[PDB]
Amino acid sequence: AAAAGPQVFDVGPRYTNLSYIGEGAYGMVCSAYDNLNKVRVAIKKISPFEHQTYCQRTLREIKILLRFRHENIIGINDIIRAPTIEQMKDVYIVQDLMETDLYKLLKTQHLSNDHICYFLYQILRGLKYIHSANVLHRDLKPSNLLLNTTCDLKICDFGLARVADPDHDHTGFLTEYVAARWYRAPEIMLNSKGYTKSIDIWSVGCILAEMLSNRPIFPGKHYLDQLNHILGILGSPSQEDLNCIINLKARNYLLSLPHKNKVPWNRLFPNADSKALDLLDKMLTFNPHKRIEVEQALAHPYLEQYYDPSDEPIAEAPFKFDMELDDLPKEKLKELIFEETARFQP
Ligand SMILES: Nc1ncnc2c1ncn2[C@@H]1O[C@H](COP(=O)(O)OP(=O)(O)NP(=O)(O)O)[C@@H](O)[C@H]1O
């Protein structure tokens, strides 16, 4: 069994010349030579079968990634697992080798306006497909956007993705939530379970702002300090936007806050393309119902060098019902993963 930072990384003979490229909360990621396609590739060792939570996110991500075929969404090339449920402890996901991600890029590289444009175009082109599948990503952030040496951008990490369910979105004030704090839409803290498409556009808008300045625009240290950062810049919600918040705890919190005027994007980003700041504004709308949708973003003048709706495909087979996973035992979930991975077995 090949070892890597000697654990087991048993991608047997087909995949060789392993090297560490990070880890996580499910397993470890490696580069590796594919002795069949003569090309380096990424491999994610996932060991989730101990905890029902890990099995859900793994089942979720594999189902979605197998259903999705799109240039700007990471593909699965292969899955390595034991031929039997009893022998299967780990699963290995084989994926196109991507040389970096937007997080790693933003810490060290200044982006030209052409790069920011093209990156944002590819993010929304990928998100248009995702949203057309009635899926919500719900964890869009720079580390979840992978790049190769020719700046092709692929969206990954569908662990927290749900089927859109806007009828059942409403919830109380300060409702708990799992996805990256800095990219969380204001309604998440206020009255939203994160079950409508507009939560992804908010995250994309945060990513645009980050690409313009190499800093996260809303670096809140905790849950309510996230809301303080957003209104620190958008200013106080209008009566109209408050009118939409019917839940009295959320409403009275927002009423309790001192008046703050809108801080206009040009003073935050004086070097930015004005068309970029215009699109940023529509993406970072306090009111989810007023927030630009993915197809309108793609049609924005900022993206006109790329905009081609004939070349921005939608999904053939959208998810038409929620994935009823929430309290299935981690034993049924291993079975479902076994079954979802069968097509890659010889
Ligand atoms: N296809 C890939 N090509 C190259 N590097 C990758 C690829 N997928 C992940 N990585 C890198 O491997 C490391 C592990 O991160 P990553 O796997 O993205 O996060 P995780 O917390 O393990 N789970 P997830 O976000 O769902 O993918 C990071 O440095 C990633 O950028």
# chains A, B, ... in the order shown; residues from 1 in each chain; ligands from 1
>>> residues_near_ligand(ligand="ligand 1", cutoff="9 Å", atoms="only C-alpha atoms and all ligand atoms", output="JSON, numbers by chain")
{"A": [20, 21, 22, 23, 24, 25, 26, 27, 28, 29, 30, 31, 41, 42, 43, 44, 45, 46, 57, 58, 61, 74, 75, 94, 95, 96, 97, 98, 99, 100, 101, 102, 103, 104, 139, 143, 144, 145, 146, 147, 148, 154, 156, 157, 158, 159, 160]}
>>> residues_around(residues="segment 317-331 of chain A", least_positions_apart="2", cutoff="10 Å", atoms="only C-alpha atoms", output="PyMOL selection string")
chain A and resi 48-57+59-60+63-64+67-68+85+129-135+162-165+314-315+333-337
>>> residues_around(residues="residue 36 of chain A", least_positions_apart="6", cutoff="12 Å", atoms="only C-alpha atoms", output="PyMOL selection string")
chain A and resi 13-16+78
>>> write_last_selection(atoms="N, CA and C atoms", output="mmCIF file, in the first residue's frame")
data_model
loop_
_atom_site.group_PDB
_atom_site.id
_atom_site.type_symbol
_atom_site.label_atom_id
_atom_site.label_comp_id
_atom_site.auth_asym_id
_atom_site.auth_seq_id
_atom_site.Cartn_x
_atom_site.Cartn_y
_atom_site.Cartn_z
ATOM 1 N N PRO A 13 -1.628 0.571 -8.202
ATOM 2 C CA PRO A 13 -0.627 0.841 -9.234
ATOM 3 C C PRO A 13 -0.957 1.944 -10.269
ATOM 4 N N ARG A 14 -2.232 2.224 -10.584
ATOM 5 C CA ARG A 14 -2.564 3.112 -11.741
ATOM 6 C C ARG A 14 -2.049 4.534 -11.462
ATOM 7 N N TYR A 15 -2.081 4.962 -10.209
ATOM 8 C CA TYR A 15 -1.775 6.353 -9.810
ATOM 9 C C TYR A 15 -0.519 6.344 -8.911
ATOM 10 N N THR A 16 0.564 6.977 -9.390
ATOM 11 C CA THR A 16 1.935 6.907 -8.796
ATOM 12 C C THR A 16 2.475 8.308 -8.486
ATOM 13 N N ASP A 78 -12.647 9.462 -11.906
ATOM 14 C CA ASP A 78 -12.574 8.066 -11.412
ATOM 15 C C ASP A 78 -12.886 8.047 -9.916
#
>>> select_by_dssp(residues="segment 8-135 of chain A", states="alpha helix (DSSP H)", output="mmCIF file with N, CA and C atoms, in the first residue's frame")
data_model
loop_
_atom_site.group_PDB
_atom_site.id
_atom_site.type_symbol
_atom_site.label_atom_id
_atom_site.label_comp_id
_atom_site.auth_asym_id
_atom_site.auth_seq_id
_atom_site.Cartn_x
_atom_site.Cartn_y
_atom_site.Cartn_z
ATOM 1 N N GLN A 52 -22.258 10.102 10.549
ATOM 2 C CA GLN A 52 -23.438 10.305 9.667
ATOM 3 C C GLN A 52 -23.287 11.618 8.882
ATOM 4 N N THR A 53 -22.775 12.664 9.538
ATOM 5 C CA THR A 53 -22.547 14.018 8.952
ATOM 6 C C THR A 53 -21.619 13.901 7.734
ATOM 7 N N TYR A 54 -20.477 13.244 7.893
ATOM 8 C CA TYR A 54 -19.450 13.129 6.830
ATOM 9 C C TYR A 54 -20.023 12.332 5.656
ATOM 10 N N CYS A 55 -20.856 11.317 5.920
ATOM 11 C CA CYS A 55 -21.450 10.420 4.897
ATOM 12 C C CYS A 55 -22.462 11.190 4.037
ATOM 13 N N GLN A 56 -23.219 12.080 4.674
ATOM 14 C CA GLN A 56 -24.216 12.940 4.007
ATOM 15 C C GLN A 56 -23.486 13.852 3.026
ATOM 16 N N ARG A 57 -22.479 14.576 3.490
ATOM 17 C CA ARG A 57 -21.821 15.604 2.640
ATOM 18 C C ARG A 57 -21.134 14.859 1.487
ATOM 19 N N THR A 58 -20.468 13.733 1.771
ATOM 20 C CA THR A 58 -19.836 12.874 0.743
ATOM 21 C C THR A 58 -20.947 12.392 -0.201
ATOM 22 N N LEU A 59 -22.058 11.844 0.306
ATOM 23 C CA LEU A 59 -23.079 11.311 -0.632
ATOM 24 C C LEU A 59 -23.545 12.474 -1.519
ATOM 25 N N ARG A 60 -23.884 13.599 -0.888
ATOM 26 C CA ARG A 60 -24.313 14.866 -1.544
ATOM 27 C C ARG A 60 -23.365 15.210 -2.691
ATOM 28 N N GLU A 61 -22.065 15.295 -2.408
ATOM 29 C CA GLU A 61 -21.097 15.894 -3.367
ATOM 30 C C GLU A 61 -20.920 14.953 -4.557
ATOM 31 N N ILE A 62 -20.738 13.667 -4.290
ATOM 32 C CA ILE A 62 -20.599 12.618 -5.335
ATOM 33 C C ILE A 62 -21.852 12.638 -6.227
ATOM 34 N N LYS A 63 -23.068 12.624 -5.679
ATOM 35 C CA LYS A 63 -24.307 12.604 -6.512
ATOM 36 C C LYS A 63 -24.276 13.793 -7.470
ATOM 37 N N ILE A 64 -24.027 14.985 -6.928
ATOM 38 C CA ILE A 64 -24.073 16.237 -7.725
ATOM 39 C C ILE A 64 -22.969 16.213 -8.797
ATOM 40 N N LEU A 65 -21.753 15.856 -8.409
ATOM 41 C CA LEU A 65 -20.585 15.963 -9.311
ATOM 42 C C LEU A 65 -20.738 14.963 -10.457
ATOM 43 N N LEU A 66 -21.344 13.795 -10.206
ATOM 44 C CA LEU A 66 -21.640 12.769 -11.251
ATOM 45 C C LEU A 66 -22.750 13.271 -12.186
ATOM 46 N N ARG A 67 -23.673 14.078 -11.699
ATOM 47 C CA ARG A 67 -24.843 14.501 -12.511
ATOM 48 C C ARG A 67 -24.385 15.671 -13.399
ATOM 49 N N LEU A 102 -8.417 30.318 -5.895
ATOM 50 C CA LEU A 102 -8.524 31.786 -5.845
ATOM 51 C C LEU A 102 -8.025 32.278 -4.476
ATOM 52 N N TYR A 103 -8.194 31.487 -3.417
ATOM 53 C CA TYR A 103 -7.738 31.869 -2.056
ATOM 54 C C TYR A 103 -6.208 32.063 -2.127
ATOM 55 N N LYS A 104 -5.476 31.011 -2.483
ATOM 56 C CA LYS A 104 -3.990 30.958 -2.628
ATOM 57 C C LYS A 104 -3.520 32.027 -3.610
ATOM 58 N N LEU A 105 -4.292 32.289 -4.660
ATOM 59 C CA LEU A 105 -3.939 33.317 -5.664
ATOM 60 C C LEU A 105 -4.071 34.712 -5.041
ATOM 61 N N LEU A 106 -5.097 34.963 -4.223
ATOM 62 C CA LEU A 106 -5.385 36.358 -3.768
ATOM 63 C C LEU A 106 -4.403 36.790 -2.667
ATOM 64 N N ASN A 113 -7.536 43.717 -14.347
ATOM 65 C CA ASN A 113 -8.994 43.864 -14.633
ATOM 66 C C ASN A 113 -9.448 42.776 -15.630
ATOM 67 N N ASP A 114 -8.590 42.315 -16.552
ATOM 68 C CA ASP A 114 -8.962 41.255 -17.527
ATOM 69 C C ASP A 114 -9.176 39.940 -16.771
ATOM 70 N N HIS A 115 -8.268 39.621 -15.858
ATOM 71 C CA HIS A 115 -8.359 38.401 -15.024
ATOM 72 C C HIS A 115 -9.627 38.466 -14.164
ATOM 73 N N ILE A 116 -9.902 39.609 -13.538
ATOM 74 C CA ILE A 116 -11.049 39.693 -12.597
ATOM 75 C C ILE A 116 -12.314 39.408 -13.411
ATOM 76 N N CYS A 117 -12.444 40.076 -14.539
ATOM 77 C CA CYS A 117 -13.539 39.931 -15.533
ATOM 78 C C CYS A 117 -13.745 38.450 -15.864
ATOM 79 N N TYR A 118 -12.677 37.779 -16.285
ATOM 80 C CA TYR A 118 -12.723 36.415 -16.856
ATOM 81 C C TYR A 118 -13.098 35.432 -15.730
ATOM 82 N N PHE A 119 -12.519 35.614 -14.548
ATOM 83 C CA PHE A 119 -12.759 34.780 -13.343
ATOM 84 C C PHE A 119 -14.226 34.888 -12.966
ATOM 85 N N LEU A 120 -14.737 36.110 -12.853
ATOM 86 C CA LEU A 120 -16.154 36.386 -12.529
ATOM 87 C C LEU A 120 -17.069 35.789 -13.604
ATOM 88 N N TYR A 121 -16.727 35.942 -14.883
ATOM 89 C CA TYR A 121 -17.489 35.344 -16.004
ATOM 90 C C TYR A 121 -17.602 33.831 -15.775
ATOM 91 N N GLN A 122 -16.481 33.181 -15.477
ATOM 92 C CA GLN A 122 -16.468 31.702 -15.380
ATOM 93 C C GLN A 122 -17.247 31.292 -14.131
ATOM 94 N N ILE A 123 -17.112 32.043 -13.028
ATOM 95 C CA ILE A 123 -17.860 31.754 -11.762
ATOM 96 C C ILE A 123 -19.356 31.787 -12.098
ATOM 97 N N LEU A 124 -19.858 32.860 -12.733
ATOM 98 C CA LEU A 124 -21.313 32.989 -13.042
ATOM 99 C C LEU A 124 -21.721 31.993 -14.133
ATOM 100 N N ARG A 125 -20.818 31.613 -15.028
ATOM 101 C CA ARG A 125 -21.192 30.629 -16.087
ATOM 102 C C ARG A 125 -21.419 29.274 -15.424
ATOM 103 N N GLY A 126 -20.578 28.927 -14.438
ATOM 104 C CA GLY A 126 -20.705 27.688 -13.659
ATOM 105 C C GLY A 126 -21.953 27.764 -12.795
ATOM 106 N N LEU A 127 -22.142 28.912 -12.138
ATOM 107 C CA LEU A 127 -23.306 29.094 -11.244
ATOM 108 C C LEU A 127 -24.603 29.086 -12.049
ATOM 109 N N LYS A 128 -24.621 29.558 -13.287
ATOM 110 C CA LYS A 128 -25.859 29.511 -14.108
ATOM 111 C C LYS A 128 -26.277 28.040 -14.277
ATOM 112 N N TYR A 129 -25.344 27.151 -14.586
ATOM 113 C CA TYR A 129 -25.635 25.704 -14.749
ATOM 114 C C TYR A 129 -26.190 25.107 -13.453
ATOM 115 N N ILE A 130 -25.462 25.343 -12.362
ATOM 116 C CA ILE A 130 -25.802 24.884 -10.973
ATOM 117 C C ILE A 130 -27.233 25.325 -10.667
ATOM 118 N N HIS A 131 -27.490 26.626 -10.747
ATOM 119 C CA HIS A 131 -28.854 27.126 -10.443
ATOM 120 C C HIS A 131 -29.886 26.498 -11.407
ATOM 121 N N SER A 132 -29.520 26.191 -12.651
ATOM 122 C CA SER A 132 -30.493 25.632 -13.627
ATOM 123 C C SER A 132 -30.833 24.185 -13.203
#
>>> closest_residue(among="A:250, A:292, A:342, A:161", to="residue 195 of chain A", atoms="only C-alpha atoms")
A:161
>>> select_by_dssp(residues="segment 97-340 of chain A", states="strand (DSSP E or B)", output="MDAnalysis selection string")
chainID A and resid 100:101 135:136 145:147 153:155 162:163 170 192
>>> write_last_selection(atoms="N, CA, C and O atoms", output="PDB file, in the first residue's frame")
ATOM      1  N   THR A 100      -3.820  25.644  -8.554  1.00  0.00           N
ATOM      2  CA  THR A 100      -4.017  26.609  -7.442  1.00  0.00           C
ATOM      3  C   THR A 100      -5.519  26.848  -7.215  1.00  0.00           C
ATOM      4  O   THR A 100      -6.345  26.196  -7.854  1.00  0.00           O
ATOM      5  N   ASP A 101      -5.861  27.760  -6.318  1.00  0.00           N
ATOM      6  CA  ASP A 101      -7.261  28.221  -6.132  1.00  0.00           C
ATOM      7  C   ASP A 101      -7.238  29.726  -5.893  1.00  0.00           C
ATOM      8  O   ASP A 101      -6.137  30.326  -5.733  1.00  0.00           O
ATOM      9  N   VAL A 135     -30.166  23.463  -7.920  1.00  0.00           N
ATOM     10  CA  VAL A 135     -29.205  23.226  -6.812  1.00  0.00           C
ATOM     11  C   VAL A 135     -28.694  24.580  -6.312  1.00  0.00           C
ATOM     12  O   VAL A 135     -28.515  25.488  -7.140  1.00  0.00           O
ATOM     13  N   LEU A 136     -28.408  24.677  -5.022  1.00  0.00           N
ATOM     14  CA  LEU A 136     -27.715  25.829  -4.401  1.00  0.00           C
ATOM     15  C   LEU A 136     -26.392  25.319  -3.885  1.00  0.00           C
ATOM     16  O   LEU A 136     -26.458  24.348  -3.177  1.00  0.00           O
ATOM     17  N   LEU A 145     -12.963  27.857  -5.489  1.00  0.00           N
ATOM     18  CA  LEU A 145     -12.768  28.144  -6.926  1.00  0.00           C
ATOM     19  C   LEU A 145     -11.353  27.727  -7.297  1.00  0.00           C
ATOM     20  O   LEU A 145     -10.408  28.416  -6.918  1.00  0.00           O
ATOM     21  N   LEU A 146     -11.209  26.639  -8.033  1.00  0.00           N
ATOM     22  CA  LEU A 146      -9.895  26.141  -8.509  1.00  0.00           C
ATOM     23  C   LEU A 146      -9.560  26.729  -9.883  1.00  0.00           C
ATOM     24  O   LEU A 146     -10.489  26.955 -10.683  1.00  0.00           O
ATOM     25  N   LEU A 147      -8.257  26.914 -10.108  1.00  0.00           N
ATOM     26  CA  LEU A 147      -7.619  27.473 -11.323  1.00  0.00           C
ATOM     27  C   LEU A 147      -6.458  26.581 -11.755  1.00  0.00           C
ATOM     28  O   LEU A 147      -5.814  26.011 -10.878  1.00  0.00           O
ATOM     29  N   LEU A 153     -11.273  28.180 -14.726  1.00  0.00           N
ATOM     30  CA  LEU A 153     -11.748  28.230 -13.309  1.00  0.00           C
ATOM     31  C   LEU A 153     -12.842  27.175 -13.151  1.00  0.00           C
ATOM     32  O   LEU A 153     -13.680  27.037 -14.048  1.00  0.00           O
ATOM     33  N   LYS A 154     -12.764  26.373 -12.106  1.00  0.00           N
ATOM     34  CA  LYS A 154     -13.722  25.270 -11.855  1.00  0.00           C
ATOM     35  C   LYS A 154     -14.220  25.386 -10.416  1.00  0.00           C
ATOM     36  O   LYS A 154     -13.387  25.515  -9.522  1.00  0.00           O
ATOM     37  N   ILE A 155     -15.541  25.349 -10.227  1.00  0.00           N
ATOM     38  CA  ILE A 155     -16.193  25.426  -8.891  1.00  0.00           C
ATOM     39  C   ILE A 155     -16.134  24.031  -8.277  1.00  0.00           C
ATOM     40  O   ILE A 155     -16.420  23.128  -8.994  1.00  0.00           O
ATOM     41  N   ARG A 162     -27.716  22.236  -1.439  1.00  0.00           N
ATOM     42  CA  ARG A 162     -29.109  21.758  -1.255  1.00  0.00           C
ATOM     43  C   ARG A 162     -29.874  21.919  -2.561  1.00  0.00           C
ATOM     44  O   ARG A 162     -29.445  22.711  -3.376  1.00  0.00           O
ATOM     45  N   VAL A 163     -31.013  21.231  -2.686  1.00  0.00           N
ATOM     46  CA  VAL A 163     -32.037  21.568  -3.711  1.00  0.00           C
ATOM     47  C   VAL A 163     -32.686  22.890  -3.296  1.00  0.00           C
ATOM     48  O   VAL A 163     -32.963  23.035  -2.119  1.00  0.00           O
ATOM     49  N   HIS A 170     -37.949  30.591   5.224  1.00  0.00           N
ATOM     50  CA  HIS A 170     -38.092  31.476   6.414  1.00  0.00           C
ATOM     51  C   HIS A 170     -37.699  30.728   7.695  1.00  0.00           C
ATOM     52  O   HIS A 170     -37.826  29.486   7.748  1.00  0.00           O
ATOM     53  N   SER A 192     -33.422  33.689   7.120  1.00  0.00           N
ATOM     54  CA  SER A 192     -33.241  32.767   5.958  1.00  0.00           C
ATOM     55  C   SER A 192     -32.459  31.507   6.354  1.00  0.00           C
ATOM     56  O   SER A 192     -31.374  31.618   7.020  1.00  0.00           O
TER      57      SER A 192
END
>>> residues_around(residues="residue 169 of chain A", least_positions_apart="2", cutoff="12 Å", atoms="only C-alpha atoms", output="list in words")
residues 162, 163, 164, 165, 166, 167, 171, 172, 175, 187, 188, 190, 191, 192, 193, 194, 195, 196, 197, 198, 199 and 288 of chain A
>>> atom_distance(atom1="atom CA of residue 77 of chain A", atom2="atom CA of residue 10 of chain A")
16.8 Å
>>> residues_around(residues="segment 281-285 of chain A", least_positions_apart="3", cutoff="12 Å", atoms="only C-alpha atoms", output="PyMOL selection string")
chain A and resi 120+124+183-187+197-209+217-218+230-231+233-238+241+262-266+274-278+288-298+300
>>> residues_around(residues="residue 213 of chain A", least_positions_apart="2", cutoff="10 Å", atoms="only C-alpha atoms", output="ChimeraX atom specification")
/A:106,110-111,208-211,215-217,268-269,271-272
>>> write_last_selection(atoms="N, CA and C atoms", output="mmCIF file, in the first residue's frame")
data_model
loop_
_atom_site.group_PDB
_atom_site.id
_atom_site.type_symbol
_atom_site.label_atom_id
_atom_site.label_comp_id
_atom_site.auth_asym_id
_atom_site.auth_seq_id
_atom_site.Cartn_x
_atom_site.Cartn_y
_atom_site.Cartn_z
ATOM 1 N N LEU A 106 -5.097 34.963 -4.223
ATOM 2 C CA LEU A 106 -5.385 36.358 -3.768
ATOM 3 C C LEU A 106 -4.403 36.790 -2.667
ATOM 4 N N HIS A 110 -1.648 40.184 -7.363
ATOM 5 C CA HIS A 110 -2.492 41.241 -7.951
ATOM 6 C C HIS A 110 -3.172 40.675 -9.210
ATOM 7 N N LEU A 111 -4.498 40.811 -9.335
ATOM 8 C CA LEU A 111 -5.220 40.449 -10.593
ATOM 9 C C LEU A 111 -5.322 41.713 -11.451
ATOM 10 N N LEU A 208 -16.116 39.030 -5.759
ATOM 11 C CA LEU A 208 -15.792 40.112 -6.718
ATOM 12 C C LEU A 208 -14.999 41.184 -5.963
ATOM 13 N N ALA A 209 -15.606 41.745 -4.914
ATOM 14 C CA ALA A 209 -15.004 42.678 -3.936
ATOM 15 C C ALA A 209 -13.632 42.158 -3.479
ATOM 16 N N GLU A 210 -13.474 40.868 -3.224
ATOM 17 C CA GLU A 210 -12.174 40.345 -2.747
ATOM 18 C C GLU A 210 -11.145 40.448 -3.885
ATOM 19 N N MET A 211 -11.557 40.109 -5.110
ATOM 20 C CA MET A 211 -10.700 40.123 -6.328
ATOM 21 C C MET A 211 -10.238 41.548 -6.659
ATOM 22 N N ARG A 215 -8.505 41.633 -0.327
ATOM 23 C CA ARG A 215 -8.973 41.445 1.084
ATOM 24 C C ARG A 215 -10.451 41.078 1.078
ATOM 25 N N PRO A 216 -10.916 40.215 2.020
ATOM 26 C CA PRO A 216 -12.319 39.831 2.121
ATOM 27 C C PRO A 216 -13.016 41.124 2.510
ATOM 28 N N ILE A 217 -14.107 41.464 1.838
ATOM 29 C CA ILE A 217 -14.746 42.782 2.088
ATOM 30 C C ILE A 217 -15.467 42.793 3.449
ATOM 31 N N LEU A 268 -14.355 52.744 -1.735
ATOM 32 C CA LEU A 268 -13.701 51.492 -1.251
ATOM 33 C C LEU A 268 -12.682 50.999 -2.285
ATOM 34 N N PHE A 269 -12.983 51.186 -3.581
ATOM 35 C CA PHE A 269 -12.201 50.639 -4.722
ATOM 36 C C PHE A 269 -12.049 51.711 -5.790
ATOM 37 N N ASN A 271 -9.598 52.284 -7.859
ATOM 38 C CA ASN A 271 -8.889 51.730 -9.051
ATOM 39 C C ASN A 271 -9.778 50.796 -9.890
ATOM 40 N N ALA A 272 -11.006 50.482 -9.472
ATOM 41 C CA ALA A 272 -11.859 49.468 -10.149
ATOM 42 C C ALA A 272 -12.557 50.058 -11.392
#
>>> closest_residue(among="A:253, A:47, A:107, A:316", to="residue 88 of chain A", atoms="only C-alpha atoms")
A:47
>>> residues_around(residues="residue 17 of chain A", least_positions_apart="2", cutoff="7 Å", atoms="only C-alpha atoms", output="PyMOL selection string")
chain A and resi 19+32-33
